[PDB]
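Source file: final.pdb (PDB, C-alpha atoms)
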```pdb
ATOM      1  CA  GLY U   6      -6.312  12.553 -13.011  1.00  0.00           C
ATOM      2  CA  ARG U   7      -4.542  11.086  -9.913  1.00  0.00           C
ATOM      3  CA  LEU U   8      -4.084  14.402  -7.938  1.00  0.00           C
ATOM      4  CA  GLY U   9      -6.529  14.980  -4.999  1.00  0.00           C
ATOM      5  CA  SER U  10      -7.731  11.305  -5.125  1.00  0.00           C
ATOM      6  CA  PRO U  11     -10.907  10.522  -3.103  1.00  0.00           C
ATOM      7  CA  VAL U  12     -10.691   9.087   0.482  1.00  0.00           C
ATOM      8  CA  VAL U  13     -10.536   5.231   0.655  1.00  0.00           C
ATOM      9  CA  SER U  14     -11.645   3.692   4.015  1.00  0.00           C
ATOM     10  CA  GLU U  15      -9.604   0.595   5.066  1.00  0.00           C
ATOM     11  CA  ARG U  16     -11.826  -1.300   7.576  1.00  0.00           C
ATOM     12  CA  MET U  17      -9.484  -2.716  10.290  1.00  0.00           C
ATOM     13  CA  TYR U  18     -10.596  -5.548  12.659  1.00  0.00           C
ATOM     14  CA  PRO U  19      -8.674  -7.718  15.171  1.00  0.00           C
ATOM     15  CA  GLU U  20      -9.020 -11.473  14.334  1.00  0.00           C
ATOM     16  CA  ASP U  21      -7.053 -14.624  15.387  1.00  0.00           C
ATOM     17  CA  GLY U  22      -4.496 -12.373  17.227  1.00  0.00           C
ATOM     18  CA  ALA U  23      -3.776 -10.426  13.959  1.00  0.00           C
ATOM     19  CA  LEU U  24      -5.032  -7.049  12.584  1.00  0.00           C
ATOM     20  CA  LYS U  25      -7.024  -7.729   9.382  1.00  0.00           C
ATOM     21  CA  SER U  26      -8.577  -5.287   6.897  1.00  0.00           C
ATOM     22  CA  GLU U  27     -11.127  -5.255   4.074  1.00  0.00           C
ATOM     23  CA  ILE U  28     -11.647  -2.654   1.290  1.00  0.00           C
ATOM     24  CA  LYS U  29     -14.507  -3.040  -1.239  1.00  0.00           C
ATOM     25  CA  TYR U  30     -13.948  -0.422  -4.015  1.00  0.00           C
ATOM     26  CA  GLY U  31     -12.512  -0.320  -7.571  1.00  0.00           C
ATOM     27  CA  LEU U  32     -10.539   1.507 -10.276  1.00  0.00           C
ATOM     28  CA  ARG U  33     -12.092   4.338 -12.345  1.00  0.00           C
ATOM     29  CA  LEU U  34     -11.665   3.577 -16.093  1.00  0.00           C
ATOM     30  CA  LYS U  35     -10.676   6.198 -18.758  1.00  0.00           C
ATOM     31  CA  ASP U  36     -14.147   5.642 -20.405  1.00  0.00           C
ATOM     32  CA  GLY U  37     -15.820   6.540 -17.027  1.00  0.00           C
ATOM     33  CA  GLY U  38     -16.527   2.815 -16.325  1.00  0.00           C
ATOM     34  CA  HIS U  39     -16.024   1.025 -12.944  1.00  0.00           C
ATOM     35  CA  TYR U  40     -13.595  -1.915 -12.283  1.00  0.00           C
ATOM     36  CA  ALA U  41     -14.566  -3.535  -8.921  1.00  0.00           C
ATOM     37  CA  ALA U  42     -11.919  -4.879  -6.490  1.00  0.00           C
ATOM     38  CA  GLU U  43     -11.987  -6.489  -3.020  1.00  0.00           C
ATOM     39  CA  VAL U  44      -8.760  -6.179  -0.924  1.00  0.00           C
ATOM     40  CA  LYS U  45      -8.214  -8.440   2.134  1.00  0.00           C
ATOM     41  CA  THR U  46      -5.053  -7.871   4.254  1.00  0.00           C
ATOM     42  CA  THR U  47      -3.605  -9.580   7.357  1.00  0.00           C
ATOM     43  CA  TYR U  48      -1.127  -7.506   9.414  1.00  0.00           C
ATOM     44  CA  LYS U  49       0.776  -9.383  12.163  1.00  0.00           C
ATOM     45  CA  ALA U  50       3.499  -7.963  14.466  1.00  0.00           C
ATOM     46  CA  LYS U  51       6.715 -10.092  14.694  1.00  0.00           C
ATOM     47  CA  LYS U  52       6.261 -10.029  18.541  1.00  0.00           C
ATOM     48  CA  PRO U  53       3.026 -10.031  20.628  1.00  0.00           C
ATOM     49  CA  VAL U  54       1.578  -6.431  20.577  1.00  0.00           C
ATOM     50  CA  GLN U  55      -1.650  -4.899  22.079  1.00  0.00           C
ATOM     51  CA  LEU U  56      -4.459  -5.194  19.440  1.00  0.00           C
ATOM     52  CA  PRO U  57      -6.923  -2.289  18.918  1.00  0.00           C
ATOM     53  CA  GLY U  58     -10.706  -2.792  18.528  1.00  0.00           C
ATOM     54  CA  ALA U  59     -12.138  -2.556  14.958  1.00  0.00           C
ATOM     55  CA  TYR U  60     -11.594   0.940  13.424  1.00  0.00           C
ATOM     56  CA  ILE U  61     -11.269   2.799  10.068  1.00  0.00           C
ATOM     57  CA  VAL U  62      -8.110   4.146   8.333  1.00  0.00           C
ATOM     58  CA  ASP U  63      -9.091   6.991   5.918  1.00  0.00           C
ATOM     59  CA  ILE U  64      -6.445   7.016   3.089  1.00  0.00           C
ATOM     60  CA  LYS U  65      -5.797   9.724   0.442  1.00  0.00           C
ATOM     61  CA  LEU U  66      -3.126   8.350  -1.992  1.00  0.00           C
ATOM     62  CA  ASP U  67      -2.024  10.536  -4.971  1.00  0.00           C
ATOM     63  CA  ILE U  68       0.389   9.937  -7.868  1.00  0.00           C
ATOM     64  CA  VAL U  69       1.936  13.464  -7.726  1.00  0.00           C
ATOM     65  CA  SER U  70       4.664  13.014 -10.425  1.00  0.00           C
ATOM     66  CA  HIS U  71       5.980  10.477 -13.014  1.00  0.00           C
ATOM     67  CA  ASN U  72       8.295  10.431 -16.072  1.00  0.00           C
ATOM     68  CA  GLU U  73       6.842   9.568 -19.522  1.00  0.00           C
ATOM     69  CA  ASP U  74       6.841   5.709 -19.097  1.00  0.00           C
ATOM     70  CA  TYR U  75       6.188   5.543 -15.274  1.00  0.00           C
ATOM     71  CA  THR U  76       9.719   4.088 -14.638  1.00  0.00           C
ATOM     72  CA  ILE U  77      10.029   6.932 -12.047  1.00  0.00           C
ATOM     73  CA  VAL U  78       6.869   7.596  -9.928  1.00  0.00           C
ATOM     74  CA  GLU U  79       6.269   9.880  -6.915  1.00  0.00           C
ATOM     75  CA  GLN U  80       3.368   8.945  -4.567  1.00  0.00           C
ATOM     76  CA  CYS U  81       1.952  11.008  -1.653  1.00  0.00           C
ATOM     77  CA  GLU U  82      -0.242   9.440   1.115  1.00  0.00           C
ATOM     78  CA  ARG U  83      -2.183  11.045   4.010  1.00  0.00           C
ATOM     79  CA  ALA U  84      -3.756   8.432   6.363  1.00  0.00           C
ATOM     80  CA  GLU U  85      -5.534   8.744   9.747  1.00  0.00           C
ATOM     81  CA  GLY U  86      -7.382   6.244  11.968  1.00  0.00           C
ATOM     82  CA  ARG U  87     -10.869   7.008  13.323  1.00  0.00           C
ATOM     83  CA  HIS U  88     -13.671   5.218  15.230  1.00  0.00           C
ATOM     84  CA  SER U  89     -16.575   3.709  13.224  1.00  0.00           C
ATOM     85  CA  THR U  90     -19.884   5.677  13.562  1.00  0.00           C
ATOM     86  CA  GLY U  91     -21.787   2.381  12.875  1.00  0.00           C
ATOM     87  CA  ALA U 115      10.574   7.081  21.174  1.00  0.00           C
ATOM     88  CA  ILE U 116      12.235   4.799  18.489  1.00  0.00           C
ATOM     89  CA  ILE U 117       9.693   6.205  15.917  1.00  0.00           C
ATOM     90  CA  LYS U 118      10.824   9.871  15.441  1.00  0.00           C
ATOM     91  CA  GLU U 119       8.676  12.831  14.175  1.00  0.00           C
ATOM     92  CA  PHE U 120      10.531  12.400  10.812  1.00  0.00           C
ATOM     93  CA  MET U 121      11.287   8.897   9.383  1.00  0.00           C
ATOM     94  CA  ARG U 122      12.687   7.671   6.012  1.00  0.00           C
ATOM     95  CA  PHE U 123      11.888   4.311   4.386  1.00  0.00           C
ATOM     96  CA  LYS U 124      13.465   2.160   1.646  1.00  0.00           C
ATOM     97  CA  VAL U 125      11.376  -0.364  -0.342  1.00  0.00           C
ATOM     98  CA  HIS U 126      12.438  -3.313  -2.553  1.00  0.00           C
ATOM     99  CA  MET U 127       9.625  -4.995  -4.575  1.00  0.00           C
ATOM    100  CA  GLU U 128      10.113  -8.187  -6.668  1.00  0.00           C
ATOM    101  CA  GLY U 129       7.040  -8.789  -8.846  1.00  0.00           C
ATOM    102  CA  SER U 130       5.375 -10.752 -11.653  1.00  0.00           C
ATOM    103  CA  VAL U 131       2.043  -9.810 -13.347  1.00  0.00           C
ATOM    104  CA  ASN U 132       0.741 -12.318 -15.991  1.00  0.00           C
ATOM    105  CA  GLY U 133       4.334 -13.715 -16.169  1.00  0.00           C
ATOM    106  CA  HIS U 134       6.005 -10.268 -16.693  1.00  0.00           C
ATOM    107  CA  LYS U 135       8.828 -10.032 -14.069  1.00  0.00           C
ATOM    108  CA  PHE U 136       9.863  -6.636 -12.617  1.00  0.00           C
ATOM    109  CA  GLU U 137      11.780  -5.054  -9.702  1.00  0.00           C
ATOM    110  CA  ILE U 138      11.055  -1.653  -8.074  1.00  0.00           C
ATOM    111  CA  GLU U 139      13.434   0.180  -5.683  1.00  0.00           C
ATOM    112  CA  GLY U 140      12.116   3.202  -3.751  1.00  0.00           C
ATOM    113  CA  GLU U 141      12.931   5.744  -1.027  1.00  0.00           C
ATOM    114  CA  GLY U 142      10.276   7.471   1.084  1.00  0.00           C
ATOM    115  CA  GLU U 143       9.974   9.874   4.007  1.00  0.00           C
ATOM    116  CA  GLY U 144       7.228  11.375   6.138  1.00  0.00           C
ATOM    117  CA  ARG U 145       5.873  12.443   9.530  1.00  0.00           C
ATOM    118  CA  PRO U 146       4.490   9.204  11.043  1.00  0.00           C
ATOM    119  CA  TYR U 147       2.355  11.054  13.725  1.00  0.00           C
ATOM    120  CA  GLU U 148       1.120  13.773  11.279  1.00  0.00           C
ATOM    121  CA  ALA U 149      -0.407  11.375   8.660  1.00  0.00           C
ATOM    122  CA  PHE U 150       1.960  12.309   5.740  1.00  0.00           C
ATOM    123  CA  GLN U 151       4.439  10.359   3.565  1.00  0.00           C
ATOM    124  CA  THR U 152       5.923  10.575   0.039  1.00  0.00           C
ATOM    125  CA  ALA U 153       7.941   7.977  -1.947  1.00  0.00           C
ATOM    126  CA  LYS U 154      10.002   8.035  -5.170  1.00  0.00           C
ATOM    127  CA  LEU U 155       9.797   4.617  -6.919  1.00  0.00           C
ATOM    128  CA  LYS U 156      12.088   3.412  -9.764  1.00  0.00           C
ATOM    129  CA  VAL U 157      11.417   0.392 -12.037  1.00  0.00           C
ATOM    130  CA  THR U 158      14.945  -1.205 -12.028  1.00  0.00           C
ATOM    131  CA  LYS U 159      13.919  -4.379 -13.983  1.00  0.00           C
ATOM    132  CA  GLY U 160      11.100  -5.181 -16.451  1.00  0.00           C
ATOM    133  CA  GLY U 161      10.362  -1.499 -17.272  1.00  0.00           C
ATOM    134  CA  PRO U 162       8.378   0.127 -18.620  1.00  0.00           C
ATOM    135  CA  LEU U 163       5.660  -2.016 -16.937  1.00  0.00           C
ATOM    136  CA  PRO U 164       3.156  -3.503 -19.457  1.00  0.00           C
ATOM    137  CA  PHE U 165       0.252  -2.982 -16.953  1.00  0.00           C
ATOM    138  CA  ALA U 166      -1.490  -0.153 -14.988  1.00  0.00           C
ATOM    139  CA  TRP U 167       0.647   1.493 -12.222  1.00  0.00           C
ATOM    140  CA  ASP U 168      -2.606   1.762 -10.146  1.00  0.00           C
ATOM    141  CA  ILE U 169      -2.421  -1.955  -9.100  1.00  0.00           C
ATOM    142  CA  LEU U 170       1.026  -1.295  -7.436  1.00  0.00           C
ATOM    143  CA  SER U 171       0.257   2.098  -5.718  1.00  0.00           C
ATOM    144  CA  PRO U 172      -1.280   0.579  -2.522  1.00  0.00           C
ATOM    145  CA  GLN U 173       1.607  -1.987  -2.084  1.00  0.00           C
ATOM    146  CA  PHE U 174       4.295   0.696  -1.301  1.00  0.00           C
ATOM    147  CA  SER U 178       3.481   1.922   4.682  1.00  0.00           C
ATOM    148  CA  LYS U 179       1.344   1.441   7.830  1.00  0.00           C
ATOM    149  CA  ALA U 180       3.780   3.197  10.277  1.00  0.00           C
ATOM    150  CA  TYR U 181       2.703   6.667   8.881  1.00  0.00           C
ATOM    151  CA  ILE U 182      -1.013   6.546   9.984  1.00  0.00           C
ATOM    152  CA  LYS U 183      -2.044   9.187  12.593  1.00  0.00           C
ATOM    153  CA  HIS U 184      -3.940   7.281  15.356  1.00  0.00           C
ATOM    154  CA  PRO U 185      -6.133   9.062  17.943  1.00  0.00           C
ATOM    155  CA  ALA U 186      -4.870   8.796  21.577  1.00  0.00           C
ATOM    156  CA  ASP U 187      -7.545   6.128  22.442  1.00  0.00           C
ATOM    157  CA  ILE U 188      -6.733   3.703  19.501  1.00  0.00           C
ATOM    158  CA  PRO U 189      -3.539   1.646  20.090  1.00  0.00           C
ATOM    159  CA  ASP U 190      -1.166   2.090  17.083  1.00  0.00           C
ATOM    160  CA  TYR U 191      -0.481  -1.635  16.279  1.00  0.00           C
ATOM    161  CA  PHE U 192       2.053  -0.689  13.523  1.00  0.00           C
ATOM    162  CA  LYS U 193       4.156   1.807  15.605  1.00  0.00           C
ATOM    163  CA  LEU U 194       4.020  -0.507  18.715  1.00  0.00           C
ATOM    164  CA  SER U 195       5.490  -3.450  16.652  1.00  0.00           C
ATOM    165  CA  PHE U 196       8.889  -1.628  16.160  1.00  0.00           C
ATOM    166  CA  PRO U 197      11.795  -1.979  16.276  1.00  0.00           C
ATOM    167  CA  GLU U 198      11.087  -5.685  15.296  1.00  0.00           C
ATOM    168  CA  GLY U 199       8.222  -4.550  12.995  1.00  0.00           C
ATOM    169  CA  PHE U 200       5.466  -6.535  11.245  1.00  0.00           C
ATOM    170  CA  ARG U 201       4.575  -8.653   8.176  1.00  0.00           C
ATOM    171  CA  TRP U 202       1.471  -8.431   5.974  1.00  0.00           C
ATOM    172  CA  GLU U 203      -0.213 -10.676   3.383  1.00  0.00           C
ATOM    173  CA  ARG U 204      -2.769  -9.215   0.925  1.00  0.00           C
ATOM    174  CA  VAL U 205      -5.073 -10.609  -1.778  1.00  0.00           C
ATOM    175  CA  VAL U 206      -6.640  -8.204  -4.327  1.00  0.00           C
ATOM    176  CA  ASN U 207      -9.537  -9.903  -6.225  1.00  0.00           C
ATOM    177  CA  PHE U 208     -10.796  -8.001  -9.335  1.00  0.00           C
ATOM    178  CA  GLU U 209     -14.266  -8.574 -10.862  1.00  0.00           C
ATOM    179  CA  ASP U 210     -12.690  -9.974 -14.155  1.00  0.00           C
ATOM    180  CA  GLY U 211     -10.668 -12.820 -12.491  1.00  0.00           C
ATOM    181  CA  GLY U 212      -7.499 -10.694 -12.081  1.00  0.00           C
ATOM    182  CA  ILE U 213      -5.886 -11.596  -8.705  1.00  0.00           C
ATOM    183  CA  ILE U 214      -2.824 -10.224  -6.811  1.00  0.00           C
ATOM    184  CA  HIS U 215      -1.048 -11.911  -3.861  1.00  0.00           C
ATOM    185  CA  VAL U 216       1.343  -9.651  -1.854  1.00  0.00           C
ATOM    186  CA  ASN U 217       3.712 -10.604   1.021  1.00  0.00           C
ATOM    187  CA  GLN U 218       5.506  -7.772   2.845  1.00  0.00           C
ATOM    188  CA  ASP U 219       8.078  -7.557   5.675  1.00  0.00           C
ATOM    189  CA  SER U 220       8.420  -4.189   7.536  1.00  0.00           C
ATOM    190  CA  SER U 221      11.522  -3.733   9.788  1.00  0.00           C
ATOM    191  CA  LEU U 222      13.533  -0.789  11.263  1.00  0.00           C
ATOM    192  CA  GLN U 223      17.332  -0.664  10.580  1.00  0.00           C
ATOM    193  CA  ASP U 224      19.665   2.301  11.414  1.00  0.00           C
ATOM    194  CA  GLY U 225      16.592   4.567  12.057  1.00  0.00           C
ATOM    195  CA  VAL U 226      15.122   3.777   8.536  1.00  0.00           C
ATOM    196  CA  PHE U 227      12.012   1.619   7.762  1.00  0.00           C
ATOM    197  CA  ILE U 228      12.918  -1.306   5.420  1.00  0.00           C
ATOM    198  CA  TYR U 229      10.042  -2.654   3.250  1.00  0.00           C
ATOM    199  CA  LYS U 230      10.577  -5.977   1.365  1.00  0.00           C
ATOM    200  CA  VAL U 231       7.621  -6.754  -0.986  1.00  0.00           C
ATOM    201  CA  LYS U 232       6.851  -9.941  -3.051  1.00  0.00           C
ATOM    202  CA  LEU U 233       3.950  -9.504  -5.562  1.00  0.00           C
ATOM    203  CA  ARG U 234       2.335 -12.109  -7.891  1.00  0.00           C
ATOM    204  CA  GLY U 235      -0.523 -10.979 -10.204  1.00  0.00           C
ATOM    205  CA  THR U 236      -2.264 -13.481 -12.541  1.00  0.00           C
ATOM    206  CA  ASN U 237      -5.378 -14.166 -14.680  1.00  0.00           C
ATOM    207  CA  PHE U 238      -5.593 -10.532 -15.940  1.00  0.00           C
ATOM    208  CA  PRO U 239      -7.435 -10.470 -19.311  1.00  0.00           C
ATOM    209  CA  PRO U 240      -4.815  -9.377 -21.922  1.00  0.00           C
ATOM    210  CA  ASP U 241      -7.425  -6.873 -23.317  1.00  0.00           C
ATOM    211  CA  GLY U 242      -8.601  -5.872 -19.793  1.00  0.00           C
ATOM    212  CA  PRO U 243      -8.120  -2.411 -18.218  1.00  0.00           C
ATOM    213  CA  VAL U 244      -4.972  -3.450 -16.195  1.00  0.00           C
ATOM    214  CA  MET U 245      -2.953  -4.957 -19.122  1.00  0.00           C
ATOM    215  CA  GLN U 246      -4.262  -2.179 -21.511  1.00  0.00           C
ATOM    216  CA  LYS U 247      -3.555   0.671 -18.955  1.00  0.00           C
ATOM    217  CA  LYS U 248      -7.193   1.997 -19.091  1.00  0.00           C
ATOM    218  CA  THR U 249      -7.357   2.766 -15.297  1.00  0.00           C
ATOM    219  CA  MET U 250      -7.518   6.332 -13.837  1.00  0.00           C
ATOM    220  CA  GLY U 251      -6.905   5.802 -10.065  1.00  0.00           C
ATOM    221  CA  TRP U 252      -8.903   4.152  -7.218  1.00  0.00           C
ATOM    222  CA  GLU U 253     -12.544   5.198  -6.420  1.00  0.00           C
ATOM    223  CA  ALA U 254     -13.893   6.474  -3.023  1.00  0.00           C
TER     224      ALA U 254
END
```

When written as structure tokens, how does the structure in this file appear?
Amino acid sequence: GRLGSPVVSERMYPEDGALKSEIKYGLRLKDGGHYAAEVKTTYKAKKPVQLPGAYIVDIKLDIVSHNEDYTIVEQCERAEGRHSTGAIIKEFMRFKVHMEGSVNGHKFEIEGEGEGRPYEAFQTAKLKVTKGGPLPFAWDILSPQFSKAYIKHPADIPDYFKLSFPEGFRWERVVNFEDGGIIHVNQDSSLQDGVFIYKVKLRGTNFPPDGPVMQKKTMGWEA
């Protein structure tokens, strides 16, 4: 299942005065098969901020609870930066997220509330499908779209995400699946009244109707 999910390594690199990332992995299928995905993200602070060198964010993301039709979902994430081997952010911080989405022309809206310890690599979120539920596609494609402020960075790696506040940062992501499925995500992260505000736009297209995403045959992300 989706408890105690394997570590996923997001490979961060400074480029063109932005922080970019690449992940080459996939979704485990219920029949033990493999569904390959490449994720490319650009993170850019709303103001000039000190960029780190290239480094790795190790991510453990779990679905820890859900109701019968995944219209209510609880996610847990533990993330910490590490080196490659070759005051306004408090110890406790809440977030709110609003996602407007379409996958293969199915429109949906998700509202969520999260909290965590941004220096101690821990966050949880409760997500509610407020429109277009239950979703006629795998939850797994949404899980990574719901929080870069909650990554524990070592002393010697500048924390690009925490340094960007209170103004915050934007990110743009493409997920390319091996079967022509593609997701484009635009996100705005801000800080208002001591709470992180996440606004997410998501467009997924070209998913095979009989594929693992539209048929909900996925069983979480692979290492």

Going by the chain IDs and residue numbers used in this file, which residues fall under the PyMOL selection byres ((chain U and resi 144) around 6)? Write them as a ChimeraX atom specification.
/U:120-121,143,145,150-151

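Candidate residues U:195, U:14, U:55, U:47 were compared for distance to residue 217 of chain U, and the nearest is U:47, using all atoms listed in the file.
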
Leaving out residue 73 of chain U and any residue of its chain fewer than 6 positions from it, which residues lie within 12 Å of it when counting all atoms listed in the file, given as a ChimeraX atom specification?
/U:161-163

Would you mind reading off the distance between atom CA of residue 56 of chain U and atom CA of residue 169 of chain U, one decimal, in Å?
28.8 Å

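Between atom CA of residue 211 of chain U and atom CA of residue 48 of chain U lies a distance of 24.5 Å.
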
Produce the centre coordinates and the three edge lengths, each in Å to one decimal, of the box along x, y and z that contains all listed atoms of segment 35-48 of chain U with 3 Å added on each side, as AutoDock Vina command-line options.
```
--center_x -8.8 --center_y -1.5 --center_z -5.5 --size_x 21.4 --size_y 22.1 --size_z 35.8
```

Measuring atom to atom with all atoms listed in the file, identify which of U:174, U:165, U:252, U:238 is nearest to residue 65 of chain U.
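Closest to residue 65 of chain U of all the choices is U:252.
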
Which value, in Å to one decimal, gives the distance between atom CA of residue 204 of chain U and atom CA of residue 45 of chain U?
5.6 Å

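Non-sequential neighbours of residue 248 of chain U (distance at most 8 Å, separation of 3 or more positions within a chain, all atoms listed in the file) are residues 34, 35, 36, 166, 243 and 244 of chain U.
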
Once the PyMOL selection byres ((chain U and resi 49) around 7) is applied to the coordinates I shared, what remains selected? I want it as a ChimeraX atom specification.
/U:23-24,47-48,50-51,200-202

Carefully work through the PyMOL selection byres ((chain U and resi 17) around 7) for this structure and note down the residues it includes, as a ChimeraX atom specification.
/U:15-16,18,24-27,59-61

What's around segment 83-119 of chain U at 8 Å? Count all atoms listed in the file, leave out sequence neighbours fewer than 4 positions away in its own chain, and write the answer as JSON, numbers by chain.
{"U": [59, 60, 61, 62, 63, 64, 65, 66, 145, 146, 147, 149, 150, 151, 181, 182, 183, 184, 185, 188, 193, 196, 197, 225]}

Please produce an output containing C-alpha atoms for each residue in the selection, written as an mmCIF file, in the coordinates of the input.
```cif
data_model
loop_
_atom_site.group_PDB
_atom_site.id
_atom_site.type_symbol
_atom_site.label_atom_id
_atom_site.label_comp_id
_atom_site.auth_asym_id
_atom_site.auth_seq_id
_atom_site.Cartn_x
_atom_site.Cartn_y
_atom_site.Cartn_z
ATOM 1 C CA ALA U 59 -12.138 -2.556 14.958
ATOM 2 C CA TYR U 60 -11.594 0.940 13.424
ATOM 3 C CA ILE U 61 -11.269 2.799 10.068
ATOM 4 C CA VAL U 62 -8.110 4.146 8.333
ATOM 5 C CA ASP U 63 -9.091 6.991 5.918
ATOM 6 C CA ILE U 64 -6.445 7.016 3.089
ATOM 7 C CA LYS U 65 -5.797 9.724 0.442
ATOM 8 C CA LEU U 66 -3.126 8.350 -1.992
ATOM 9 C CA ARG U 145 5.873 12.443 9.530
ATOM 10 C CA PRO U 146 4.490 9.204 11.043
ATOM 11 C CA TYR U 147 2.355 11.054 13.725
ATOM 12 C CA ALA U 149 -0.407 11.375 8.660
ATOM 13 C CA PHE U 150 1.960 12.309 5.740
ATOM 14 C CA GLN U 151 4.439 10.359 3.565
ATOM 15 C CA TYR U 181 2.703 6.667 8.881
ATOM 16 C CA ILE U 182 -1.013 6.546 9.984
ATOM 17 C CA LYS U 183 -2.044 9.187 12.593
ATOM 18 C CA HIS U 184 -3.940 7.281 15.356
ATOM 19 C CA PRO U 185 -6.133 9.062 17.943
ATOM 20 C CA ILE U 188 -6.733 3.703 19.501
ATOM 21 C CA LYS U 193 4.156 1.807 15.605
ATOM 22 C CA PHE U 196 8.889 -1.628 16.160
ATOM 23 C CA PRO U 197 11.795 -1.979 16.276
ATOM 24 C CA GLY U 225 16.592 4.567 12.057
#
```

Using all atoms listed in the file for the distances, tell me which of U:10, U:132, U:178, U:70 is nearest to residue 227 of chain U.
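Closest candidate: U:178.
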
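Between residue 128 of chain U and the residues U:237, U:158, U:249, U:80, the shortest atom-to-atom distance, using all atoms listed in the file, involves U:158.
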
Using only C-alpha atoms, which of U:210, U:53, U:220, U:135 sits nearest residue 240 of chain U?
U:210

Nearest candidate to residue 216 of chain U (options U:57, U:22, U:172, U:251; using all atoms listed in the file):
U:172

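With only C-alpha atoms taken into account, the protein and nucleic acid residues at most 10 Å from residue 153 of chain U (excluding it and anything under 4 positions from it in its own chain) are residues 68, 69, 78, 79, 80, 81, 82, 122, 123, 124, 125, 140, 141, 142, 143, 144 and 174 of chain U.
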
Residues near residue 253 of chain U, cut-off 12 Å, only C-alpha atoms, skip fewer than 6 positions along chain, as a PDB file with C-alpha atoms, in the coordinates of the input:
```pdb
ATOM      1  CA  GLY U   6      -6.312  12.553 -13.011  1.00  0.00           C
ATOM      2  CA  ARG U   7      -4.542  11.086  -9.913  1.00  0.00           C
ATOM      3  CA  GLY U   9      -6.529  14.980  -4.999  1.00  0.00           C
ATOM      4  CA  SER U  10      -7.731  11.305  -5.125  1.00  0.00           C
ATOM      5  CA  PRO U  11     -10.907  10.522  -3.103  1.00  0.00           C
ATOM      6  CA  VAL U  12     -10.691   9.087   0.482  1.00  0.00           C
ATOM      7  CA  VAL U  13     -10.536   5.231   0.655  1.00  0.00           C
ATOM      8  CA  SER U  14     -11.645   3.692   4.015  1.00  0.00           C
ATOM      9  CA  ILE U  28     -11.647  -2.654   1.290  1.00  0.00           C
ATOM     10  CA  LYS U  29     -14.507  -3.040  -1.239  1.00  0.00           C
ATOM     11  CA  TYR U  30     -13.948  -0.422  -4.015  1.00  0.00           C
ATOM     12  CA  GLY U  31     -12.512  -0.320  -7.571  1.00  0.00           C
ATOM     13  CA  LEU U  32     -10.539   1.507 -10.276  1.00  0.00           C
ATOM     14  CA  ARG U  33     -12.092   4.338 -12.345  1.00  0.00           C
ATOM     15  CA  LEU U  34     -11.665   3.577 -16.093  1.00  0.00           C
ATOM     16  CA  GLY U  37     -15.820   6.540 -17.027  1.00  0.00           C
ATOM     17  CA  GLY U  38     -16.527   2.815 -16.325  1.00  0.00           C
ATOM     18  CA  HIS U  39     -16.024   1.025 -12.944  1.00  0.00           C
ATOM     19  CA  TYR U  40     -13.595  -1.915 -12.283  1.00  0.00           C
ATOM     20  CA  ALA U  41     -14.566  -3.535  -8.921  1.00  0.00           C
ATOM     21  CA  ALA U  42     -11.919  -4.879  -6.490  1.00  0.00           C
ATOM     22  CA  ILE U  64      -6.445   7.016   3.089  1.00  0.00           C
ATOM     23  CA  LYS U  65      -5.797   9.724   0.442  1.00  0.00           C
ATOM     24  CA  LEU U  66      -3.126   8.350  -1.992  1.00  0.00           C
ATOM     25  CA  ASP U  67      -2.024  10.536  -4.971  1.00  0.00           C
ATOM     26  CA  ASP U 168      -2.606   1.762 -10.146  1.00  0.00           C
TER      27      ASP U 168
END
```
